[PDB]
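Novice: The structure's right below; bear with me while I get my questions together.
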There are 2 protein chains.
Amino acid sequence: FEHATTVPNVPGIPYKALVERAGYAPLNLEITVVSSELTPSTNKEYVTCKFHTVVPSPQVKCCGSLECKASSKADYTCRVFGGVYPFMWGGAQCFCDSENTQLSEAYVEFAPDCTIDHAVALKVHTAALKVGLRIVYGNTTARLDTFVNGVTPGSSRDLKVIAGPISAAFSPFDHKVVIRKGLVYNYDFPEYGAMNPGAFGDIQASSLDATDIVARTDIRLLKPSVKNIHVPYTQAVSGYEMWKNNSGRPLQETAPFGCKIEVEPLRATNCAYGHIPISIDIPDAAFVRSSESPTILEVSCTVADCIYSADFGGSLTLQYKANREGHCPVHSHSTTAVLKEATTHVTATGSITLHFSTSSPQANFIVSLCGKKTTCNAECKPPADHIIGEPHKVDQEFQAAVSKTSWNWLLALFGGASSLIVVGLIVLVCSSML
Amino acid sequence: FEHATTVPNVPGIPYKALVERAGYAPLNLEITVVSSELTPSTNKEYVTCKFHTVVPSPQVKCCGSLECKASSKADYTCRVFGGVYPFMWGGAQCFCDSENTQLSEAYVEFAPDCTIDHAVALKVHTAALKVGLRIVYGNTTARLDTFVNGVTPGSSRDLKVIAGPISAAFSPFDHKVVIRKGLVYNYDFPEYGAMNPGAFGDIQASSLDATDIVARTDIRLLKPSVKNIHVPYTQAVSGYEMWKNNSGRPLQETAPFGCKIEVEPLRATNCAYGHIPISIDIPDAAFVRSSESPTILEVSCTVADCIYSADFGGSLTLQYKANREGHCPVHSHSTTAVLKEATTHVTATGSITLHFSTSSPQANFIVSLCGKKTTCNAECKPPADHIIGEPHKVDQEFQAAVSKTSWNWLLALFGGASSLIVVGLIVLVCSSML
Ligand SMILES: *[C@@H]1O[C@H](CO)[C@@H](O)[C@H](O)[C@H]1NC(C)=O
Ligand SMILES: *[C@@H]1O[C@H](CO)[C@@H](O)[C@H](O)[C@H]1NC(C)=O
Ligand SMILES: *[C@@H]1O[C@H](CO)[C@@H](O)[C@H](O)[C@H]1NC(C)=O
Ligand SMILES: *[C@@H]1O[C@H](CO)[C@@H](O)[C@H](O)[C@H]1NC(C)=O
């Protein structure tokens, strides 16, 4: 037998269902989303960190003018100064006091402590959720991990589970993200080659140890104003440091739908943003014949102090009478109230209490003790507590959320208005035929 | 100096331009696309090959029965055979001739030659184009590589050029591709875990050496008929070899805009499909003063035997009245005709010749001989050769594709009909005032 149903993406919060077969007994169906993960397909655009702005020794030639050729090093800024008189310790460094040439060289490199402190720029594509499911059908508890794609038959034991395509995906990661020390940022980093100075991506490379290092940080070499040797240079502030100053908050503190963000690999776990269409191929071994199932005669609901809340507020007792011994499932067919229990060992002519939760002010739903569908009615008071530490077990649907007294009052006013309108029109009609 | 232009994406057939400042004279601009490549972002979604379907030794236990536990091996299928009596060399194997048990196991595994004969199933996303550009200005020729995103400063030794966003990338690779032995295919392979027997992807892994191999080939174990110790099994045929049977043609042979597909990395080179906006910053070291540039006083043009074709057919001769020896550029200011040469040596009051190609029967265009403009008129013939081995240097527009003689006849008829209608209406006007 194949049962196709729809489960909310909330972690925990067990989902009830009834499996009714024409040739077998109804079966309790439990579906719990124990965990989920939204893993995007990512690629490494580049990696960046603080630079080193290492400066080589100046090249001095005296009565001779020399030029410097191009180099493949990042930020290869090279300047030529004439008329310099270099002077280290001991004495003047050379001769030709009026005619010299000092060559000053500058090029950036990754800082030595960039193996730890480095930001990797990733491009994020579409993400496919992988859901961890637990099914407690017919005293058989199967734990499985399956992909939400609609084509993958991934399940354990003889059970088979296909999770259909998700109702809607929101992609918490933007198309460009930045990962640093386990922190994820939705930052629009510049592309490879596109390199603003003094901001993020000022120095780039394909890998940390890659020799193809590129940068466009503004290095300006200046003429030495003191009669010594050195390379005076003005440089833009490190854009990695400026980004770390103004990084904002990581995605772990701003992800919608309560997504908990991890890296290696990048993923969003324990999200809740929609409904999974799931098809389950239940084995025939767990199914029990209707002849062996106790066919129950008559039941009735009597509710005791129901409170509509996120908690299991409300305990109703069922008055039943059954032909023989044996257990049978319980289920609430309405999508408004949920029942805590799933199987009771009913015996004969007694009463069993069950705790239930609901959201609507009025509790009209269907209890299916041994499959005996019975409509149950109750009046529930608003909860006294304001904030609760556990999530709601059912979503409002805005048709039963209107209370019975309010429903009756609205239909009373519209019925009275329509009645006076119709009697006005029929007075017009009978005056017209006169 | 920022010059904005829009060059064709076609490799070869170089693009001519004239850059003219207010006061630093005209200068040539020779923009050549020597190479291009589309390198899309891909991720390994699985790898597949033939399976070995290694069958382990049977486990025969007697005077009893045993069951086998499920394993994590790829496509594990195990069965229990009752009432066997094996005969390998030496006679019967054990006691309870009527009560025996044979345990048969079967699982698949990559073939020993899967290191080469393997198909990598990849998901492909949007691609970024990268151009090799040969830019000639003055006497300087520079070769330089630029990404096509409008943001990346592709630079020569001294040049700053930006390749703007492409008109419309066509993406020859679909969302799913398969790479085998250097041949790529646009194949809609099943996802991870979505195995089916007798089709591509029936065995899957993240790598050739990955232990987590999963497969769902239709394998079944059968009861042995002859009383020996073999394991009779029957399995569905390998969908890898079935896919190689009818893979169709690779993308190297079936690709729009006819461009060469390579692997490692997966790229599409020399794809002529559009127009690249180019904003180039010409250095001022080549912008000569207008006074030093030898200007001309009187310019006249003629043309002999214009043949419109992809080849540079047509010789156009200019009579000039220059005042100084030197050289200065030439350019055609029509999108319909393009000149062969860029700069011409000019002495004084002489005659020069140029070659050009056009796609219109009429050649009504503008030659800018060394600063100023001069119009030229012609009537070009269709070429004798039906097929030429080189692409066209210009496109076709509806205004130029109609010949001057045909333009005359068509407007002669249209204007005759229109003026005939207007003269009918004015005869109506003079009759109505009567
Ligand atoms: C299912 O579980 C209940 C509670 O443990 C047990 O008493 C009952 O016999 C079980 N039903 C079957 C059919 O095994
Ligand atoms: C950024 O740096 C400035 C100093 O320039 C400092 O005052 C400030 O706290 C830093 N952080 C933010 C978020 O502005
Ligand atoms: C370019 O070269 C020509 C001849 O090749 C020479 O006469 C001239 O000096 C050069 N002009 C410029 C502007 O570089
Ligand atoms: C497929 O393999 C069969 C052999 O069974 C062969 O006859 C046939 O030509 C192959 N190709 C196609 C397209 O069927």
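Just so we're on the same page: first chain in the structure tokens is A, next is B, and so on; residues restart at 1 for each chain, and ligands are numbered from 1 in the order they show up.
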Residues of chain B were defined as contacting chain A if any atom lay at most 12 Å from it, counting only C-alpha atoms; please report them as JSON, numbers by chain.

Specialist: {"B": [40, 41, 42, 43, 44, 45, 69, 70, 71, 72, 122, 123, 124, 125, 126, 128, 130, 145, 146, 147, 148, 149, 150, 151, 152, 153, 154, 155, 156, 157, 158, 162, 163, 175, 189, 190, 191, 192, 193, 194, 195, 196, 214, 215, 216]}

Novice: Take the residues that were just selected and, keeping C-alpha atoms, output them as a PDB file, in the first residue's frame.

Specialist:
ATOM      1  CA  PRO B  40      30.787  27.395 -16.531  1.00  0.00           C
ATOM      2  CA  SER B  41      30.692  26.460 -12.865  1.00  0.00           C
ATOM      3  CA  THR B  42      30.230  22.708 -12.424  1.00  0.00           C
ATOM      4  CA  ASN B  43      30.004  20.274  -9.526  1.00  0.00           C
ATOM      5  CA  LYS B  44      30.531  16.508  -9.535  1.00  0.00           C
ATOM      6  CA  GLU B  45      27.071  15.078  -8.928  1.00  0.00           C
ATOM      7  CA  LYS B  69      22.050  -9.579   7.734  1.00  0.00           C
ATOM      8  CA  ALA B  70      21.828  -6.595   5.404  1.00  0.00           C
ATOM      9  CA  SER B  71      25.133  -4.958   4.477  1.00  0.00           C
ATOM     10  CA  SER B  72      26.208  -1.525   3.261  1.00  0.00           C
ATOM     11  CA  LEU B 122      27.836  17.043 -13.579  1.00  0.00           C
ATOM     12  CA  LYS B 123      25.383  19.869 -12.952  1.00  0.00           C
ATOM     13  CA  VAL B 124      26.181  22.999 -14.969  1.00  0.00           C
ATOM     14  CA  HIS B 125      25.329  26.615 -14.119  1.00  0.00           C
ATOM     15  CA  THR B 126      25.833  29.964 -15.856  1.00  0.00           C
ATOM     16  CA  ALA B 128      31.482  33.655 -17.751  1.00  0.00           C
ATOM     17  CA  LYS B 130      36.885  35.326 -21.192  1.00  0.00           C
ATOM     18  CA  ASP B 145      43.009  38.632 -21.343  1.00  0.00           C
ATOM     19  CA  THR B 146      39.740  40.047 -19.966  1.00  0.00           C
ATOM     20  CA  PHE B 147      36.773  38.532 -18.185  1.00  0.00           C
ATOM     21  CA  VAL B 148      33.382  39.531 -19.567  1.00  0.00           C
ATOM     22  CA  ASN B 149      31.496  41.011 -16.635  1.00  0.00           C
ATOM     23  CA  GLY B 150      31.872  44.792 -17.070  1.00  0.00           C
ATOM     24  CA  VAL B 151      33.719  45.022 -13.733  1.00  0.00           C
ATOM     25  CA  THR B 152      37.103  43.322 -14.261  1.00  0.00           C
ATOM     26  CA  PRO B 153      40.140  45.548 -15.124  1.00  0.00           C
ATOM     27  CA  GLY B 154      41.892  43.522 -17.797  1.00  0.00           C
ATOM     28  CA  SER B 155      45.239  45.254 -18.245  1.00  0.00           C
ATOM     29  CA  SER B 156      48.230  45.186 -20.573  1.00  0.00           C
ATOM     30  CA  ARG B 157      51.659  46.602 -19.676  1.00  0.00           C
ATOM     31  CA  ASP B 158      50.084  50.055 -20.064  1.00  0.00           C
ATOM     32  CA  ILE B 162      36.817  46.878 -19.486  1.00  0.00           C
ATOM     33  CA  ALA B 163      34.790  44.262 -21.363  1.00  0.00           C
ATOM     34  CA  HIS B 175      21.620  21.908 -16.582  1.00  0.00           C
ATOM     35  CA  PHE B 189      20.872  11.602 -15.857  1.00  0.00           C
ATOM     36  CA  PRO B 190      18.970  10.597 -12.705  1.00  0.00           C
ATOM     37  CA  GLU B 191      19.815  12.264  -9.412  1.00  0.00           C
ATOM     38  CA  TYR B 192      21.849  10.789  -6.564  1.00  0.00           C
ATOM     39  CA  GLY B 193      20.050   7.760  -5.147  1.00  0.00           C
ATOM     40  CA  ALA B 194      17.537   7.630  -8.027  1.00  0.00           C
ATOM     41  CA  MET B 195      18.919   4.458  -9.599  1.00  0.00           C
ATOM     42  CA  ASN B 196      16.968   2.363 -12.070  1.00  0.00           C
ATOM     43  CA  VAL B 214      25.159   2.729  -4.030  1.00  0.00           C
ATOM     44  CA  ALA B 215      23.384   0.880  -6.838  1.00  0.00           C
ATOM     45  CA  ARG B 216      20.016  -0.661  -7.715  1.00  0.00           C
TER      46      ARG B 216
END

Novice: How close does each residue of chain A get to ligand 1, giving the shortest atom pair and distance in Å to one decimal for every residue with an atom at most 12 Å away, counting only C-alpha atoms and all ligand atoms, sorted by chain and residue number, as JSON lines?

Specialist:
{"residue": "A:25", "atom": "CA", "partner": "ligand 1", "partner_atom_place_in_ligand_line": "13 (C)", "distance": 11.1}
{"residue": "A:27", "atom": "CA", "partner": "ligand 1", "partner_atom_place_in_ligand_line": "13 (C)", "distance": 10.3}
{"residue": "A:28", "atom": "CA", "partner": "ligand 1", "partner_atom_place_in_ligand_line": "1 (C)", "distance": 10.4}
{"residue": "A:136", "atom": "CA", "partner": "ligand 1", "partner_atom_place_in_ligand_line": "1 (C)", "distance": 10.3}
{"residue": "A:137", "atom": "CA", "partner": "ligand 1", "partner_atom_place_in_ligand_line": "1 (C)", "distance": 9.6}
{"residue": "A:138", "atom": "CA", "partner": "ligand 1", "partner_atom_place_in_ligand_line": "1 (C)", "distance": 6.5}
{"residue": "A:139", "atom": "CA", "partner": "ligand 1", "partner_atom_place_in_ligand_line": "1 (C)", "distance": 4.9}
{"residue": "A:140", "atom": "CA", "partner": "ligand 1", "partner_atom_place_in_ligand_line": "1 (C)", "distance": 8.6}
{"residue": "A:141", "atom": "CA", "partner": "ligand 1", "partner_atom_place_in_ligand_line": "1 (C)", "distance": 11.1}
{"residue": "A:285", "atom": "CA", "partner": "ligand 1", "partner_atom_place_in_ligand_line": "13 (C)", "distance": 10.4}
{"residue": "A:286", "atom": "CA", "partner": "ligand 1", "partner_atom_place_in_ligand_line": "13 (C)", "distance": 7.8}
{"residue": "A:287", "atom": "CA", "partner": "ligand 1", "partner_atom_place_in_ligand_line": "13 (C)", "distance": 8.8}
{"residue": "A:288", "atom": "CA", "partner": "ligand 1", "partner_atom_place_in_ligand_line": "13 (C)", "distance": 7.5}
{"residue": "A:289", "atom": "CA", "partner": "ligand 1", "partner_atom_place_in_ligand_line": "13 (C)", "distance": 10.6}
{"residue": "A:292", "atom": "CA", "partner": "ligand 1", "partner_atom_place_in_ligand_line": "13 (C)", "distance": 10.0}
{"residue": "A:293", "atom": "CA", "partner": "ligand 1", "partner_atom_place_in_ligand_line": "13 (C)", "distance": 9.5}
{"residue": "A:294", "atom": "CA", "partner": "ligand 1", "partner_atom_place_in_ligand_line": "13 (C)", "distance": 11.9}
{"residue": "A:325", "atom": "CA", "partner": "ligand 1", "partner_atom_place_in_ligand_line": "9 (O)", "distance": 11.1}
{"residue": "A:326", "atom": "CA", "partner": "ligand 1", "partner_atom_place_in_ligand_line": "9 (O)", "distance": 8.0}
{"residue": "A:327", "atom": "CA", "partner": "ligand 1", "partner_atom_place_in_ligand_line": "8 (C)", "distance": 6.9}
{"residue": "A:328", "atom": "CA", "partner": "ligand 1", "partner_atom_place_in_ligand_line": "11 (N)", "distance": 8.8}
{"residue": "A:329", "atom": "CA", "partner": "ligand 1", "partner_atom_place_in_ligand_line": "1 (C)", "distance": 9.9}
{"residue": "A:341", "atom": "CA", "partner": "ligand 1", "partner_atom_place_in_ligand_line": "4 (C)", "distance": 11.4}
{"residue": "A:342", "atom": "CA", "partner": "ligand 1", "partner_atom_place_in_ligand_line": "2 (O)", "distance": 10.0}
{"residue": "A:343", "atom": "CA", "partner": "ligand 1", "partner_atom_place_in_ligand_line": "3 (C)", "distance": 7.4}
{"residue": "A:344", "atom": "CA", "partner": "ligand 1", "partner_atom_place_in_ligand_line": "3 (C)", "distance": 8.1}
{"residue": "A:345", "atom": "CA", "partner": "ligand 1", "partner_atom_place_in_ligand_line": "7 (O)", "distance": 7.2}
{"residue": "A:346", "atom": "CA", "partner": "ligand 1", "partner_atom_place_in_ligand_line": "7 (O)", "distance": 10.8}

Novice: Find the residue from A:249, A:134, A:50, A:386 that sits nearest to ligand 2; use only C-alpha atoms and all ligand atoms when measuring.

Specialist: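 Smallest separation from ligand 2 among the options: A:249.
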
Novice: Hey, which residues sit close to ligand 4? Say within 7 Å, counting only C-alpha atoms and all ligand atoms, and write them as an mmCIF file with N, CA, C and O atoms, in the first residue's frame.

Specialist:
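Result went into pocket20.cif, see below:
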data_model
loop_
_atom_site.group_PDB
_atom_site.id
_atom_site.type_symbol
_atom_site.label_atom_id
_atom_site.label_comp_id
_atom_site.auth_asym_id
_atom_site.auth_seq_id
_atom_site.Cartn_x
_atom_site.Cartn_y
_atom_site.Cartn_z
ATOM 1 N N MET B 242 24.674 0.287 -22.093
ATOM 2 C CA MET B 242 23.482 0.662 -22.846
ATOM 3 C C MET B 242 23.508 2.132 -23.236
ATOM 4 O O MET B 242 23.064 2.487 -24.332
ATOM 5 N N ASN B 245 25.784 2.547 -26.000
ATOM 6 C CA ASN B 245 25.193 1.991 -27.212
ATOM 7 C C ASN B 245 24.430 3.052 -28.001
ATOM 8 O O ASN B 245 24.511 3.092 -29.233
ATOM 9 N N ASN B 246 23.685 3.919 -27.312
ATOM 10 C CA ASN B 246 22.852 4.928 -27.967
ATOM 11 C C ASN B 246 23.003 6.289 -27.291
ATOM 12 O O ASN B 246 22.021 6.957 -26.953
#

Novice: Using only C-alpha atoms and all ligand atoms, which of A:210, A:129, A:237, A:429 sits nearest ligand 2?

Specialist: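 Closest candidate: A:237.
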
Novice: Find the distance between CA of residue 280 (chain A) and CA of residue 188 (chain B) and write it in Å to one decimal.

Specialist: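 That distance, rounded to one decimal, is 25.8 Å.
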
Novice: Considering only C-alpha atoms and all ligand atoms, state which residue in the set B:382, B:98, B:273, B:290 is at the smallest distance from ligand 3.

Specialist: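 When distances to ligand 3 are compared using only C-alpha atoms and all ligand atoms, the smallest one comes from B:290.
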
Novice: Using only C-alpha atoms, which protein or nucleic acid residues come within 8 Å of residue 212 (chain B)? Drop anything in the same chain fewer than 4 positions from it, and give the result as a ChimeraX atom specification.

Specialist: /B:73-74,205-206

Novice: Near region 295-302 of chain A, within 12 Å and counting only C-alpha atoms, which residues show up once chain neighbours fewer than 6 positions away are dropped, as a PyMOL selection string?

Specialist: chain A and resi 24-26+289+314-330+332+346-354+363-379
